[PDB]
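Chemist: Kindly return the folded structure for what I paste below:
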Amino acid sequence: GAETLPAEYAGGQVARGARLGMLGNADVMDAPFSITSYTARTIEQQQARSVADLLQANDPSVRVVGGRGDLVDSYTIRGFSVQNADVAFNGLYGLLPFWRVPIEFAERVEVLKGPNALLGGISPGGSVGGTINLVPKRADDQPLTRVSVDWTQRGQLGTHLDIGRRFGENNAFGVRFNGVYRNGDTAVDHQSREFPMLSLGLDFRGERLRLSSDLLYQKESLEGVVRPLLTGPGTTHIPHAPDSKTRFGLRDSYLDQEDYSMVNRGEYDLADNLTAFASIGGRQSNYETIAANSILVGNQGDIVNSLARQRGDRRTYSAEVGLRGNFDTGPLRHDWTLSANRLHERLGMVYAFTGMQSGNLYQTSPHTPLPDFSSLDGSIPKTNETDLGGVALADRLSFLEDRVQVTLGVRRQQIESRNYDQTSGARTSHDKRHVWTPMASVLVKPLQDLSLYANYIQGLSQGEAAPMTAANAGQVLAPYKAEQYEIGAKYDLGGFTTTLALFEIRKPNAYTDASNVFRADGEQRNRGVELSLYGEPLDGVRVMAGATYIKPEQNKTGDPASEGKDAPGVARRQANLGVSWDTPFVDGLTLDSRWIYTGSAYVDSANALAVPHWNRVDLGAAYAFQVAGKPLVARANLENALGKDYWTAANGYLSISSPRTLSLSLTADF
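Modeler: Numbers count the residues shown, from 1 in each chain. Find the structure here:
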């Protein structure tokens, strides 16, 4: 089935299948893309709380800008920025917590590398680096009553309930509830965090009919918000990163971020060569913050913090409907999908920038004045409306008993947004566009467990508005069409798998020329090679290793200083090594270690400002034992065990690393 949960691979850390958007789930060995699915088992073993926690620790292709002390995580994949708002939910956009996705309710977190506009449409934030997909927990036939308690430096106390029950004749119905409450001081100076979460995974399992509904409520409240460090006019060197426990932003910043959503999905088998599917969901996202970005002033660590209040009221609806079928034109099997999607968003977004307070990278900021932001009080007016919707047809041609697979598709994508000024209410822009966007893949299986593949596919981003400073101010440009070519090979030796991939991704780039006209005349050309090994190559020894190399070229700019230079915030070299070891010498004891490597990178387009490479080491331990007949598991996770302080580079700013962070938990199944 297209929505069948793919099985766990050897080792139980990753799965052997992942979603290919409108196409449904495909086995890794049948997918002409680089897909990785991390399992709930990994999530629980590493005590990962967010998508960022999981992905940066295990995946060679994914690095996190922002981080858990900040209000937002974003993800660099294949040398392109991926917004947390572009994280899909069973393939649907716009239904997960906007700024940072929690995963304690997640059965799977999947990564499809590279653009994928044919498979799932444009994503709302316009990301093209890759599509992260969450699969929610479902109720197993065997009843589950799981309670865990946990502690995290410095005083975060947590409880997590995971309760699953099936009812009705033949267990047709399923109910899975996750509830988390986590509250206390974080590991960063003068920061505390409250986090309630509630989730329900409901499903109906019928003969010709499958239904599901997911409800999520989540809220993150921070006292103290870590924020980027921006480069300044006369920045000549990047100062060395402060101690990660230091908090050099606005002392009395706060965040209150709330999201709740519901999404109903279903399938109906019209015949056993035809299935209809539909989804409809909505999300409310409430945003409140006062915080400051830090800006370098001078070169020896002085900063000025620039304060801001922001408020957001965001209302999103997201739907899809379609048919999946199959027939035969002789020796060719056709597996076709016709699919339409529709996203509509109403956004109220107000902001005011006031306050410029002196500070220093190496000093936790003192209590400082909060300017009066009373004007933004009251009702949040509407400032944006967005409507995205497309129709897509795709055909997977199988021949020679599935050893050769050719997939083709085309999508017509509709993009439409309106903007309204926050103070005056005036209509400032109405962008409306449509683009066709196709794909073609070929996958050949010379050996039953060796796949070779190639794909071509595109990414779509909405065009930018020319800044208020340019000779076409406020004009909204046509959408940016990214193009991916990829080839690679996957080899599955039973207990472990090796992959390789070579890709190029080209995408237009917008800047203002010498005539002060804003145009999309730049191009980024990212070519890369990716190597991966995962699985259980020895009994009780699970390994997840990988390495990436990319040349991220600014192969078309207007300036000789940046022409042909590296895209900022994209290291050329990155690597991950994870080992999980069941000790034959203690019963129930498992030890884990991870090494995360990120090469040097640049923050500026002329590449005059380099930040160093960095290394992170995690250590973990899990102890499984019985009391009164119940299974219990005590766990420890030590992130950034060496207490390394480092900058993660981005385009014009840097995110400070998180400190050494120990988390302890006890889990009991009743």
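Chemist: tell me the contacts of residue 307?
Modeler: Contact analysis of residue 307 by C-beta atoms under 8 Å, 6 or more residues apart in numbering lists 250, 290-292, 353-357, 370-371. C-beta: built from backbone N, CA, C; applies to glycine.
Chemist: partner residues bridging residue 625?
Modeler: Assessed by DSSP bridges, residue 625 has beta-bridge partners residue 632.
Chemist: Just give me the neighbour total for it.
Modeler: Residues near residue 625, counting by other C-beta atoms under 10 Å, number 12.
Chemist: That one touches residue 635, doesn't it?
Modeler: No - the pair residue 625 / residue 635 is not scored as a contact, 12.0 Å apart, by C-beta atoms under 8 Å.
Chemist: so of the contacts of residue 307, which ones are in strands?
Modeler: Within the contacts of residue 307, residues falling in strands by DSSP state E are 290-292, 353-357.
Chemist: For these, which ChimeraX command selects only the ones that are buried?
Modeler: Selecting the buried subset of the ones in strands among the contacts of residue 307 in ChimeraX, with 16 or more other C-beta atoms under 10 Å as the burial test, is done by:
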select :290,291,292,355,357
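Chemist: Closest one of the ones in strands among the contacts of residue 307 to residue 167?
Modeler: Ranking those by separation from residue 167, with C-beta to C-beta as the measure, puts residue 291 on top at 46.2 Å.
Chemist: which residues touch the closest one?
Modeler: Neighbours of residue 291 in contact, by C-beta under 8 Å, 6+ apart: 71, 225, 227, 249-250, 253-255, 307-308.
Chemist: Identify the single longest helix in this structure, thanks.
Modeler: In the chain, assigned by DSSP state H, the helix with the most residues is helix 51-58.
Chemist: Parallel or antiparallel, which strands does the helix or strand that that one is followed by pair with?
Modeler: Using DSSP states H and E, the helix or strand that follows helix 51-58 in sequence is strand 62-66. Strand 62-66 sits in its sheet next to strand 73-77 (antiparallel), going by DSSP bridges.
Chemist: All the helices of this protein, residue numbers only.
Modeler: For the chain, the helices defined by DSSP H occupy 40-45, 51-58, 117-120.
Chemist: Give me the helices and strands touching the shortest one, please.
Modeler: Helix 117-120 makes packing contacts with strand 384-399, strand 404-420, strand 427-447, strand 450-461 when contacts are defined by 3 or more C-beta pairs under 8 Å, 6 or more residues apart in numbering; DSSP states H and E.
Chemist: What are the contacting residues of that helix?
Modeler: So helix 117-120 is in contact with 20-23, 88, 91, 93, 112, 128, 131, 341, 392, 394, 409-411, 413, 437-439, 457-460, going by C-beta under 8 Å, 6+ apart.
Chemist: roughly how far out does it sit from the chain middle?
Modeler: Taking C-alpha atoms, centre = their mean, to the nearest Å, one finds the center of helix 117-120 at 17 Å from the center of the full chain.
Chemist: Could you do the longest one as well?
Modeler: Shown here is helix 51-58, whose average C-alpha point lies 9 Å from the average C-alpha point of the whole chain (C-alpha atoms, centre = their mean).
Chemist: Tell me the helices and strands packed up against it.
Modeler: strand 35-39, helix 40-45, strand 62-66, strand 73-77, strand 106-113, strand 130-136, strand 573-582, strand 589-598.
Chemist: Direction-wise, compare the fifth one with strand 130-136 and give the angle.
Modeler: Orientation note: strand 106-113 sits at an angle of 170 degrees relative to strand 130-136 (axes from the mean of the first three to the mean of the last three C-alpha atoms, to 10 degrees).
Chemist: how about strand 106-113 as PDB, C-alpha atoms only?
Modeler: Presented in PDB, the C-alpha positions along strand 106-113 are these (Å, rounded to 0.1, in the frame of the first residue of the first chain):
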ATOM      1  CA  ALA A 106       6.900  10.700  15.600                       C
ATOM      2  CA  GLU A 107       7.200   7.200  14.300                       C
ATOM      3  CA  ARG A 108       9.500   8.400  11.500                       C
ATOM      4  CA  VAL A 109      11.500  11.400  10.500                       C
ATOM      5  CA  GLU A 110      12.400  11.100   6.800                       C
ATOM      6  CA  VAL A 111      14.800  13.100   4.600                       C
ATOM      7  CA  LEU A 112      14.500  13.300   0.800                       C
ATOM      8  CA  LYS A 113      17.600  15.100  -0.400                       C
END
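Chemist: I'd like to know how many residues surround the closest residue to residue 176 other than its chain neighbours.
Modeler: Distances taken as C-beta to C-beta, 6 or more residues apart in numbering place residue 201 nearest to residue 176, at 3.9 Å, with adjacent residues excluded. Residues near residue 201, counting by other C-beta under 10 Å, number 22.
Chemist: do residue 558 as well
Modeler: Residues near residue 558, counting by other C-beta under 10 Å, number 15.
Chemist: list the contacts for the nearest residue to it once chain neighbours are set aside?
Modeler: Distance criterion C-beta to C-beta, 6+ apart; nearest residue to residue 558, sequence neighbours excluded, is residue 513 at 5.3 Å. Residue 513 is in contact with 519, 521, 558, counting by C-beta under 8 Å, 6+ apart.
Chemist: quick revisit: the contacts of residue 307 into JSON lines, with extra columns for distance to residue 42?
Modeler: What follows is the contacts of residue 307, written out as JSON lines (distance: C-beta to C-beta, whole Å):
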{"residue": "250", "distance to residue 42": "35"}
{"residue": "290", "distance to residue 42": "36"}
{"residue": "291", "distance to residue 42": "32"}
{"residue": "292", "distance to residue 42": "36"}
{"residue": "353", "distance to residue 42": "41"}
{"residue": "354", "distance to residue 42": "44"}
{"residue": "355", "distance to residue 42": "43"}
{"residue": "356", "distance to residue 42": "44"}
{"residue": "357", "distance to residue 42": "42"}
{"residue": "370", "distance to residue 42": "41"}
{"residue": "371", "distance to residue 42": "44"}
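Chemist: which one of the residues you listed is nearest residue 9?
Modeler: Relative to residue 9, the closest of the contacts of residue 307 is residue 291; by C-beta to C-beta it sits at 41.2 Å.
Chemist: quick one: the closest residue to residue 650 other than its chain neighbours and residue 112, what's the gap?
Modeler: Using C-beta to C-beta, 6+ apart and skipping residues adjacent in sequence, the residue nearest residue 650 is residue 569, 3.9 Å away. In this structure, residue 569 and residue 112 are 21 Å apart, going by C-beta to C-beta, to the nearest Å.
Chemist: Single out the most deeply packed of the helices and strands packed on helix 117-120.
Modeler: strand 450-461 (a mean of 21; mean count of other C-beta atoms under 10 Å).
Chemist: which strands and helices sit next to it?
Modeler: helix 117-120, strand 427-447, strand 480-492, strand 496-512.
Chemist: Please state the offset of that strand from the chain centre?
Modeler: 19 Å.
Chemist: Quickly run through the sheet partners of it, with directions.
Modeler: Assessed with DSSP bridges, strand 450-461 is paired to strand 427-447 (antiparallel), strand 480-492 (antiparallel).
Chemist: angle of that strand against strand 404-420?
Modeler: Using the same axes, to 10 degrees, the inter-axis angle of strand 450-461 relative to strand 404-420 is 20 degrees.
Chemist: Nearest spatial neighbour of residue 354, chain-adjacent residues omitted?
Modeler: The spatial neighbour of residue 354 that comes closest, neighbours along the chain excluded (C-beta to C-beta, 6+ apart), is residue 371 at 4.3 Å.
Chemist: and the one you found, how many residues sit next to it?
Modeler: As a burial measure, residue 371 scores 15 neighbours (other C-beta under 10 Å).
Chemist: Please apply the same query to residue 626.
Modeler: Neighbours of residue 626 using other C-beta under 10 Å come to 9.
Chemist: Residue 219 versus that one, what's the distance?
Modeler: Here residue 626 is placed at a distance of 36 Å from residue 219 (C-beta to C-beta).
Chemist: Equivalent analysis for residue 303, please.
Modeler: Relative to residue 219, and taking C-beta to C-beta, residue 303 is found at 30 Å.
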